[PDB]
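The block underneath contains the structure these notes are about, expressed in structure tokens.
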Amino acid sequence: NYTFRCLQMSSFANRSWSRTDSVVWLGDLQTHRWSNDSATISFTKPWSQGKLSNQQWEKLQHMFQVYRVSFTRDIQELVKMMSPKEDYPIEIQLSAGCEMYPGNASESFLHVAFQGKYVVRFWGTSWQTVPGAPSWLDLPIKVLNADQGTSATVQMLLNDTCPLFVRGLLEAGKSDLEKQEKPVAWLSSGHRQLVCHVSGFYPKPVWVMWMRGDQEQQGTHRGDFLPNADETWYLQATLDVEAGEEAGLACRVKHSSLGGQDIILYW
Amino acid sequence: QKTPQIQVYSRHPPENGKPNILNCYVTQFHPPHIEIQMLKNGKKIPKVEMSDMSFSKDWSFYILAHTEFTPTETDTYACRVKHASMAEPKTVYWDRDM
Ligand SMILES: *[C@@H]1O[C@H](CO[C@@H]2O[C@@H](C)[C@@H](O)[C@@H](O)[C@@H]2O)[C@@H](O[C@@H]2O[C@H](CO)[C@@H](O[C@@H]3O[C@H](CO[C@H]4O[C@H](CO)[C@@H](O)[C@H](O)[C@@H]4O)[C@@H](O)[C@H](O[C@H]4O[C@H](CO)[C@@H](O)[C@H](O)[C@@H]4O)[C@@H]3O)[C@H](O)[C@H]2NC(C)=O)[C@H](O)[C@H]1NC(C)=O
Ligand SMILES: CCCCCCCC(=O)N[C@@H](CO[C@H]1O[C@H](CO)[C@H](O)[C@H](O)[C@H]1O)[C@H](O)[C@H](O)CCCC(=O)Nc1cccc(CCCCC)c1
Ligand SMILES: CCCCCCCCCCCCCCCC(=O)O
Ligand SMILES: *[C@@H]1O[C@H](CO)[C@@H](O)[C@H](O)[C@H]1NC(C)=O
Ligand SMILES: *[C@@H]1O[C@H](CO)[C@@H](O)[C@H](O)[C@H]1NC(C)=O
């Protein structure tokens, strides 16, 4: 399962200042960036164009270029109309894309948040407010829904463009997507918290456990997965022990990249 | 409005005198405007690289900062974060293990 997410972040500070920036992810790998300051969508992989021809890419990009300008105008105009009831500063976020399933096609999504709260989605053939969204949104969404050409374009992008472009990305980015990077591990710490650090692994799935011989220590607390800057992962696993019980303990790491040869680090 | 969480950890095992990379992962903040510095002995490190800002499923923002560092037992390292959710800057010191 690969989830393609286009993530748009728009900050409207006052009447004269706004910016829209975007990032695009295929799973946990960034494929695109689109800065406010740039007219064009930037590639963050050699394969970020997928299977698309140069002309096909320029057209899709052109459509996003038109959209970014229209969206910025639409929001400023909306705020003017709503004033002073809805006012600056304003944060709008969009999360749109598709989740690719094994063999069988895909589901697509387009979610919109206002001031950090989910408020609007596109679903089926129309935009809709979600239950609990501020009621002042109902009127502008009804208006947006009257725009058939936009609705047709959005339906096309979600249902067709997204899974097709992503199937192209999966092919073109295969060696990157299927890359294997080996973890490196190290230990640190009368009641000690023992810490097993595991860094530099890719892909994300990993198994890290404190052991006494062959016995898994169920007191092992796994931390959050933290990103390294080099598209690899960092994880720690901690075990709370009493003093003079540390002897015979080990941290064991299993990961796809290691080829059945676990890391075992004895305290 | 949500308070940034700060996590400071190294890319490779921290060995004294060996060049390494220190990470500062800042998460769960809103709004996205944020100021992030990394510190050596309380002073700002000049060359700190930043990931693009992005956001999670729950819509909270995250960003990764990182800098080259050589740990020694005479140097402290920290990540300092300024954000509207907080009255003063929040500093998290590298705990020398992470
Ligand atoms: C793109 O795909 C859309 C569906 O996919 C979902 O949404 C997209 C955006 C992605 O997020 C994807 O991942 C999602 O899964 C698709 O939307 C569908 O469009 C058709 C018509 O074009 C809709 O059919 C009409 O349904 C209503 C009833 O709707 C309700 O009931 C059903 C269950 O019974 C639910 O699924 C809905 O949520 C609603 O609660 C009918 O009343 C209506 O019948 C009338 O109209 C037809 C002509 O169209 C006449 O023949 C009849 O006699 C009636 O007069 C339609 O049959 C469908 O609801 C809608 N799906 C959803 C989930 O809303 C969209 O069309 C695709 N677009 C393109 C360009 O490919
Ligand atoms: C990620 C979605 C990208 C899809 C591209 C949308 C197509 C587009 O750029 N349409 C704008 C020009 O429309 C004209 O040209 C079209 C063909 O190029 C058609 O022919 C169309 O008929 C014609 O009108 C259009 O201006 C559109 O409205 C852009 C707005 C995008 C949008 O959501 N706005 C929006 C508006 C209100 C509310 C929300 C979400 C709630 C936010 C909380 C405040 C979002
Ligand atoms: C609306 C989502 C459609 C997905 C179609 C896949 C082709 C998108 C290519 C990624 C570049 C878009 C980056 C801009 C993000 C935005 O402003 O919404
Ligand atoms: C609008 O907001 C920006 C960014 O927050 C700020 O620097 C600027 O002073 C404001 N501009 C005006 C004209 O008030
Ligand atoms: C962002 O880009 C738009 C269009 O190029 C521009 O008008 C606007 O001033 C930019 N905003 C900032 C904050 O740079």
Hey, does the range A:13-34 have a residue that's over 21 Å from A:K174 (Cα atoms), among the aromatic types (F, W, Y), within 12 Å of ligand 3 (Cβ to nearest atom) and more than 14 Å from chain B (Cβ to nearest Cβ)? no
Could you list, in sequence order, the residues of the range A:56-111 that are of a type in the set (D, E), more than 22 Å from the chain's Cα centre (by Cα) and either surrounded by 15 or more Cβ atoms within 10 Å (Cβ to Cβ) or within 16 Å of ligand 5 (Cβ to nearest atom) (or both)? A:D74, A:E77, A:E86
Against the condition over 30 Å from A:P205 (Cα atoms), assigned by CATH to the domain that holds A:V130 and of a type in the set (A, V, I, L, M), how does A:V24 come out, does it pass? no
Among strands (runs of 3 or more DSSP E) completely within the range A:44-161, the ones holding 3 or more residues that are away from ligand 1 (no atom under 16 Å from the Cβ) and within 14 Å of chain B (Cβ to nearest Cβ) are A:90-100
Just checking, how many residues over the range B:25-79 are outside any loop (DSSP other than H, G, I, E, B) and either over 30 Å from A:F4 (Cβ atoms) or more than 14 Å from chain A (Cβ to nearest Cβ) (or both)? 13
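Backbone-built Cβ (ideal geometry, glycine too); neighbour counts: all protein chains shown. Numbers and lists here come from the model and the stated rules, or from a named source; no laboratory instrument gave them.
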